[PDB]
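Colleague: Please find the sequence and an experimentally derived structure below.
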Amino acid sequence: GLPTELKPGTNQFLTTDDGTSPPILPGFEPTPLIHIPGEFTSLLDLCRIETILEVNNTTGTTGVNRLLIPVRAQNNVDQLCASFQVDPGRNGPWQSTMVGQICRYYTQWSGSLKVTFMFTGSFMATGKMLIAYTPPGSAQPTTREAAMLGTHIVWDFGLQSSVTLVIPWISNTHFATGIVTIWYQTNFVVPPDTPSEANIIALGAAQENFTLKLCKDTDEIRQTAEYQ
Amino acid sequence: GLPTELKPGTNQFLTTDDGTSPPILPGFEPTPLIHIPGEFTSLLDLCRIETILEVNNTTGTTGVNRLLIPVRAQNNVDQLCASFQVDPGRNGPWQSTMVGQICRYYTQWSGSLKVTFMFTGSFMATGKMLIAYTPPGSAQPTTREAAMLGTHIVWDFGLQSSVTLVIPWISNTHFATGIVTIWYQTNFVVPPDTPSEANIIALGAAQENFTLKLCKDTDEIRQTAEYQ
Amino acid sequence: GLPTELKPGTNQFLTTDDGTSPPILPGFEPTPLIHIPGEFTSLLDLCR
Amino acid sequence: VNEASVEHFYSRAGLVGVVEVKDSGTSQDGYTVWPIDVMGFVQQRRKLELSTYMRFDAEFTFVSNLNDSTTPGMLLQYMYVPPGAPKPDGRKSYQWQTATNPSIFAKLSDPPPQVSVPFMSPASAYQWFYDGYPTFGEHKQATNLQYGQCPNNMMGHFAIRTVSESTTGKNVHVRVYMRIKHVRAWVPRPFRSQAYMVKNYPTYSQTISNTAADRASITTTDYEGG
Amino acid sequence: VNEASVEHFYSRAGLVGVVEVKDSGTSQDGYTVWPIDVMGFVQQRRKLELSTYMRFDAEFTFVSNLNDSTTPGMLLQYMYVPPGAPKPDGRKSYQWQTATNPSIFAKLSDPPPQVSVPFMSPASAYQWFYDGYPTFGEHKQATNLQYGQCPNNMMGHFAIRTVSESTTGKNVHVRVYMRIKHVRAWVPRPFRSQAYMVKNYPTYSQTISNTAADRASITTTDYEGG
Amino acid sequence: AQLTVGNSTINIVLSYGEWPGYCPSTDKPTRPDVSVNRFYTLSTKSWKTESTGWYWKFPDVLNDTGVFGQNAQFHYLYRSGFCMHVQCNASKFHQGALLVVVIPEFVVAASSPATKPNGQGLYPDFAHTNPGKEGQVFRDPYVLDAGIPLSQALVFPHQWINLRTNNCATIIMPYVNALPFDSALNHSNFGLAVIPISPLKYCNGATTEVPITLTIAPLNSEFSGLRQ
């Protein structure tokens, strides 16, 4: 008979327990699987997809204009164009990325990000911007010459339409992290009878080594209305 | 189905039982181990470390002066310098050793102790002390000549700065044990323009065969205040 | 899961039952045996 | 890498719906049906809408007690009405007996009941995004009602009664916990960026909540965040 | 030699904290959170401070009953709020449902509940001695508050409620027993030689308790001890 | 009878029996080698009769000093060990003993001022937590400015300086932490305490101050995240 003895974990319903349950319909044979294209087994595969990053979140801007940042003819030299944090968890531009929404279901993440820029101006326009990355523990560079120092890429409109910047060794673990500034290197050169104002689009995504842990529930969906 | 029958040990929570419990977070992967120097798997490794033994516990003495015992120029011969029990469990000098604190979490111990002395006087000073050990069941030696008999070591300041004395076959089991006396063998010899008063430091530790059993809870931490 | 069913001998304390019980002190190592002369395993040896 | 799986992302049984069997007040008809919506609470509604297609088995658990938290050994009946069957009209209705209509008899005093529901859809997977119309009923003038609704997603019902001839004076509160298991998903979607309004329809309002927060200027990151 | 192991020295689950769910008096809001301090009682605070670094899994047990010792089959809910989540503001708060927030439903009449918590720290081991400051907040004038505090040691919370819509008139007393298991330790320390004062800070007083006892003279061992 | 590293000129206790190495490629940092690897000889402490002792915080003491101090206050992450050499210049006519002890994660404490309910927050000031290059004096050396007793401090890596015996001591400390890298500015890994167990004594006509000297060499340093 093998007499047993009950233990303190008896009569206990633990919501996270993976148990075994009797099927209510035995012998019921569900519909067989037909091949459906595009299954995804992991969320990391959804993190590696570049999605638009809304760098113009300023109060006045509404609509799709939020998704793009202006460049124009400057009457001043070496001015700053745009700046944004590198933190995908915090409230800010990264809330619009798929990475920023998918890392708000988790407590901790670590890995590298990449941020791609794309220039939508006319084919005849030329110029240079300076895209600088500032590591943690440092403040935002005051002037371009301070940003000209390490971890920058000077990017020419004529040669390439797109450019990429990788962000190393990101982690949130705690309880200023990272800043990417875009500087006017030269000026916005234009021929006659062509627009003098263009736009830049910022894309961002995780890379291979990015990871997530300790799934939690998101705070964006609160929605106190009980009718939903 | 293998019908079983419950036994009298059922629905029983025994605090010392080592059981099995469902993890509340399944699939949670904790941080991996990085090599950290200085792990210790046993308390015996902490017993073998020589720690200071406070032989001057007299009421008047305060501060670090408790940790050292005076020697000086004696106007009398063969006088007794200092004496202390060998019992690490009892209240006394051994409370300051790591062995004496770590054997107060256990009911019974057995093994050998060693007691090292170190002379802090000047390099020019010389002399001899007589360090005698008295086995259990005997009283403290009255005079030096009684102590000159077995289990003693005569120790010269000039030749060696340190000396060691091993204590055999100690056990507390029960319900006078051991005494170590330090005698002036000769006198404290000193040249001109050098201090005539020095100090001796007593160290003590367990040896390899020392063991402990039946862990209990210490009485030093009582601290009736409930704010802690 | 191997679903079982309880029987009528359940929740029963029988004083002559030889069971199994959890040790209250695990890892406690009792004093080892020294040879003691004159052990007796049976009462018949005392009857003779 | 394992904690980011879709298998792990959909795990950990949550509270699906609460239901109250009412014998007490003006009602005095003990029983309730319950639809098995799975999208009832708005927060799990997002996570499921992450994909277009889903195939999973469900495990239901029933936690029950009284107004005050007490467990005086009543008997209940958990009637699972599969899709395409009728629903009890009353407590003594003839449909509580039947067969082919699985029941669970469990006393409150017991541990909570536990059952698994297989994948019941006629198609190969569930879909909560169905473009187009289920049927031909059409000369509609303009009637847009049934757009987007799909019949294929209906999973069962649960009916619970107190198994008593006479009217009891007790109200029983039942919490339903469902655990998705053996899950596959297809065709990822974006997360819902607006507030939900109606249960079954993806309608939003004309005041458009911005996807991200706001800040002072595109240059300065100083106050609040952005 | 086995009974002196650090594995054996940290074993044998002790009483960590007691907590009282109060429905009775002026309070009448049944629920409590509890921090999971593990250092709450001064006597286990020493044994843990023996080392600098610790890595272990914990096993919690909940012993519950009424004012008088009675067990009238209520239902409770043991909500484990892991580190970095929010805490229930009330008994009907929306955070009692959620998911990813493990719960235990157990009736008082049952055996006590039993759960295991893995090693949750971001670092490789716990440390109760952290020299320096957690953050850069600094222009402090002189404000020394956060010295020595480390964020990495926070383990969860437990929230318990009575699972009742209306206010019960019962007070439930919950004892929490934790069993350290699979323990490793690094960098031994000395034992605390003074009396503890504040919970989180290693502050002592200006009247210095001697480490050993006292006696008459350094020679004579006669009366009392020394 | 001398040894030189990087144009810097001037038995051994190896802490926890492990020699400091670099971390592996896992589990691109900059390795300065002999540029920052050299002997930093800081100021000299005059040891007197009735002196309580001194202590330091080692990532902290070099923050303001030299090249290592430059990299420390600009790179975001830090890892290294230390080779620490404490010399004492005395004469055959002086007597005394020093206990040199390396306390990992040494956390200073504050003392409650005698009569008070003692519930209010008390806390060591920033001078005592980060003494800098000048070190800091024990107000209460018997408890080590913490709760732990001095007599048990021998459990840490230590060495004795007994003036009649050797006048020098050398302790090699590997990197000890719960993380592979850490912040040099905020976090202090350990500290030295030089404590005169047996007080200093001499006779009239001799030198009152005896000059304790401290010399510290970083070992296998590596840095990450260089800011401006």
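Modeller: Looks like it came in fine. Residues are numbered from 1 along each chain as shown, chains lettered A, B, ... in the order given.
Colleague: Residue in chain A with the shortest distance to chain C?
Modeller: Taking C-beta to the nearest C-beta, chain C has its nearest neighbour within chain A at residue A:20, 5.0 Å off. To be clear about C-beta, it is placed using only N, CA and C from the backbone, and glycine gets the same treatment.
Colleague: quick one: the strands in the chain?
Modeller: Chain wasn't specified; assuming chain A. A:13-14, A:51-53, A:68-71, A:80-85, A:108-119, A:128-134, A:152-156, A:162-171, A:179-184, A:198-206, A:211-213 (DSSP state E).
Colleague: nope, chain D
Modeller: Shown for chain D, the strands assigned by DSSP E span residues D:14-22, D:32-34, D:53-65, D:75-81, D:103-107, D:114-117, D:126-127, D:157-161, D:171-186.
Colleague: and the first one, what other elements does it pack with?
Modeller: For strand D:14-22, the elements it packs on are strand D:32-34, strand D:157-161, strand D:171-186, judged by 3 or more C-beta pairs under 8 Å, 6 or more residues apart in numbering or on different chains; DSSP states H and E.
Colleague: Chain F: which of these is closest?
Modeller: strand D:171-186 (32.7 Å).
Colleague: what angle do that closest one and strand E:103-107 make?
Modeller: For strand D:171-186 against strand E:103-107, the angle by axes from the mean of the first three to the mean of the last three C-alpha atoms, to 10 degrees is 150 degrees.
Colleague: helices or strands up against strand D:171-186?
Modeller: Where contact means 3+ C-beta pairs under 8 Å, 6+ apart, strand D:171-186 is packed against helix D:6-9, strand D:14-22, strand D:53-65, strand D:157-161.
Colleague: can you list these in TSV and add mean neighbour count?
Modeller: Output for the helices and strands packed on strand D:171-186, formatted as TSV (neighbours: other C-beta atoms under 10 Å in any protein chain shown):
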stretch	mean neighbour count
helix D:6-9	20
strand D:14-22	19
strand D:53-65	21
strand D:157-161	22
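Colleague: Can I get these in CSV including distance to residue A:219?
Modeller: CSV is the format used below for the helices and strands packed on strand D:171-186 (distance: least, C-beta to C-beta, whole Å):
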stretch, distance to residue A:219
helix D:6-9, 17
strand D:14-22, 16
strand D:53-65, 24
strand D:157-161, 31
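Colleague: What residues does chain A have near chain F?
Modeller: With the criterion set to C-beta under 8 Å from any C-beta of the partner chain, chain A comes near chain F through A:134-138, A:141, A:146, A:149-150, A:169.
Colleague: Now list the buried members of those.
Modeller: Taking 16 or more other C-beta atoms under 10 Å in any protein chain shown as the criterion, what is buried in the residues of chain A next to chain F is A:134-138, A:141, A:169.
Colleague: relative to strand D:171-186, how tilted is the lengthiest helix in chain D?
Modeller: For chain D, the helix with the greatest residue count under DSSP state H is helix D:42-49. With the same axes, to 10 degrees as the basis, helix D:42-49 and strand D:171-186 are set at 20 degrees to each other.
Colleague: what about helix D:42-49, distance to the chain center?
Modeller: A distance of 11 Å separates the centroid of the chain from that of helix D:42-49, by C-alpha atoms, centre = their mean, to the nearest Å.
Colleague: Distance of the residue in chain A positioned nearest to chain F relative to chain D?
Modeller: Going by C-beta to the nearest C-beta, chain F is nearest to residue A:138 of chain A, at 3.8 Å. To chain D, residue A:138 is 13 Å away according to C-beta to the nearest C-beta, to the nearest Å.
Colleague: tell me the contacts of that residue?
Modeller: Contact partners of residue A:138, counting by C-beta atoms under 8 Å, 6 or more residues apart in numbering or on different chains, are A:176, A:179, F:227-228.
Colleague: In ChimeraX, select just the buried ones from those.
Modeller: To isolate the buried members of the contacts of residue A:138 in ChimeraX, using 16+ other C-beta under 10 Å:
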select /A:179
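Colleague: so residue F:30 sits right up against residue F:221, yeah?
Modeller: No: using C-beta atoms under 8 Å, residue F:30 makes no contact with residue F:221, being 9.1 Å away.
Colleague: Neighbour count for the two, which is higher?
Modeller: residue F:221 (25 against 12; other C-beta atoms under 10 Å in any protein chain shown).
Colleague: host element of that one?
Modeller: strand F:210-226 (DSSP states H and E).
Colleague: Can you give me every residue that contacts the residue nearest to residue D:150 when sequence neighbours are not counted?
Modeller: In space, and not counting its chain neighbours, residue D:150 is closest to residue D:130: 3.8 Å by C-beta to C-beta, 6 or more residues apart in numbering or on different chains. Residue D:130 is in contact with D:148-150, D:152, counting by C-beta under 8 Å, 6+ apart.
Colleague: same deal with residue F:129?
Modeller: E:131-132, E:144, E:147, F:57, F:108, F:188.
Colleague: Apply the buried test to the residues you listed and list what passes.
Modeller: So, by 16+ other C-beta under 10 Å, the buried ones in those are E:131-132, E:144, E:147, F:57, F:108, F:188.
Colleague: Between those, which sits nearest chain B?
Modeller: For the buried ones among the contacts of residue F:129, the nearest to chain B is residue E:131 (16.1 Å; C-beta to the nearest C-beta).
Colleague: Which two among the residues of chain A next to chain F are spaced furthest apart?
Modeller: Largest separation among the residues of chain A next to chain F by C-beta to C-beta: A:146 and A:169, giving 22.1 Å.
Colleague: Residue F:90 is in contact with residue F:212, isn't it?
Modeller: No: using C-beta under 8 Å, residue F:90 is not in contact with residue F:212, being 9.5 Å away.
Colleague: Next, format the buried ones among the contacts of residue F:129 as JSON lines and append distance to chain A.
Modeller: Formatted as JSON lines, those follow (distance: C-beta to the nearest C-beta, whole Å):
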{"residue": "E:131", "distance to chain A": "18"}
{"residue": "E:132", "distance to chain A": "14"}
{"residue": "E:144", "distance to chain A": "19"}
{"residue": "E:147", "distance to chain A": "16"}
{"residue": "F:57", "distance to chain A": "20"}
{"residue": "F:108", "distance to chain A": "24"}
{"residue": "F:188", "distance to chain A": "17"}
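Colleague: export those to TSV and tack on distance to residue A:85?
Modeller: Shown next, in TSV, are the buried ones among the contacts of residue F:129 (distance: C-beta to C-beta, whole Å):
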residue	distance to residue A:85
E:131	30
E:132	26
E:144	30
E:147	28
F:57	33
F:108	36
F:188	29
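Colleague: Skipping adjacent residues, who's closest to the residue nearest the centre of chain F in space?
Modeller: By C-alpha atoms, centre = their mean, the mean C-alpha position of chain F lies nearest to residue F:192, the distance being 3.1 Å. Nearest residue to residue F:192 in three dimensions, chain neighbours excluded: residue F:56, at 5.1 Å (C-beta to C-beta, 6+ apart).
Colleague: my read: that neighbour touches residue F:131, true?
Modeller: Yes: using C-beta under 8 Å, residue F:56 is in contact with residue F:131, at 6.6 Å.
Colleague: Between the two, tell me which one has more neighbours.
Modeller: Taking other C-beta under 10 Å, residue F:56 and residue F:131 do not tie; residue F:56 has more neighbours (24 against 19).
Colleague: follow-up on the earlier one: would you check how far apart the residue nearest to the centre of chain F and chain E are?
Modeller: Distance from residue F:192 to chain E, by C-beta to the nearest C-beta: 13 Å.
Colleague: Now for that residue: which residues touch it?
Modeller: F:55-56, F:58, F:84, F:86, F:100-103, F:171, F:214.
Colleague: I'd like the residues you listed written out as a markdown table, with distance to residue F:180 and secondary structure added.
Modeller: Putting the contacts of residue F:192 into a markdown table (distance: C-beta to C-beta, whole Å; DSSP: H, G, I helix; E, B strand; the rest coil) gives the following:
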| residue | distance to residue F:180 | secondary structure |
| --- | --- | --- |
| F:55 | 26 | strand |
| F:56 | 24 | coil |
| F:58 | 18 | helix |
| F:84 | 22 | strand |
| F:86 | 29 | strand |
| F:100 | 28 | strand |
| F:101 | 26 | strand |
| F:102 | 21 | strand |
| F:103 | 22 | strand |
| F:171 | 23 | strand |
| F:214 | 28 | strand |
